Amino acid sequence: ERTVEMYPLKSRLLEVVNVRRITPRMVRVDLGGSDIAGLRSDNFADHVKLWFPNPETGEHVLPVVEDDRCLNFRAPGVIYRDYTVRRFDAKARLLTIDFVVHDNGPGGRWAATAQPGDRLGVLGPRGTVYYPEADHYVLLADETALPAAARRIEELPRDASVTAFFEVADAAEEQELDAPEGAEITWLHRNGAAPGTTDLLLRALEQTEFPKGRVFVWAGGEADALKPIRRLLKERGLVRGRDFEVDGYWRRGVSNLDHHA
């Protein structure tokens, strides 16, 4: 059964140790430091809030945590954003985060200049969500949700079937993934269209025959793009949490979208 487990909250200050520019618009960052003690991540969509410096003020507000709650979400000067735990290696003591590099916000702009020695406040994960096994996983993701989708794919048993549709800017943004045998992974290219302005994921889903066996559909990406995907799944009688999950990670014209509500 679908199960939530909470983690204890603590304010961590971590430092960039490795930077890997894996594709032109994505940078993979390993964060470390003694604060990483006690950090946990059990599932593919686990995410932290990263707390960034202000590039203009030089100000850098970090999380304040007291009695298992963050106290300063509404303090002035804070810049926090949700990012996926791409990988967590407890023995290496390193937290890996994949950042989309874009110019529209401070998280994207920080990623563009990320280098060893940069530090970030790291809050969470608040907890983790376990799912029962499925026979066939259908995954849809634009670049903000690709880290979680890729983590999922690489953690699947070799027996699993996968059908994945990943929307990226162009062919140079494709990644080589360690997927189960026979996985079907399709890279969809915006080819000049701006992020969040196409219906490429919906169109791919519409062309996909519902597979055999126990199926789970997971979609993440731009909130408005996901609305017709949610509707399509529900109209075929599928139930949120059991048959699918659809999670808006960002939304055009909105800064720091809260995906909880």
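Position 1 is the first residue in the sequence shown; the rest follow in order.
According to the PDB record, 63-71 carries the higher mean C-alpha B-factor of the two stretches 63-71 and 45-53. For the pair 54-62 and 193-201, the mean Cα B-factor is higher in 54-62. When the Cα B-factors of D178, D170, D82, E143 are read from the PDB record, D178 comes out highest.
As recorded in the entry, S161 carries the highest CA temperature factor of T128, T96, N104, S161. In the deposited entry, the Cα temperature factor of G33 places it in the middle third of its chain's modelled residues. Annotation for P157: CA B-factor lies in the highest third of the chain's modelled residues. Residue-level temperature factors show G237 in the highest third of its chain, judged at the C-alpha atom. Per the PDB record, residue ranking by Cα B-factor puts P116 in the middle third of the chain.
Per-chain ranking of the deposited C-alpha B factor places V27 in the lowest third.
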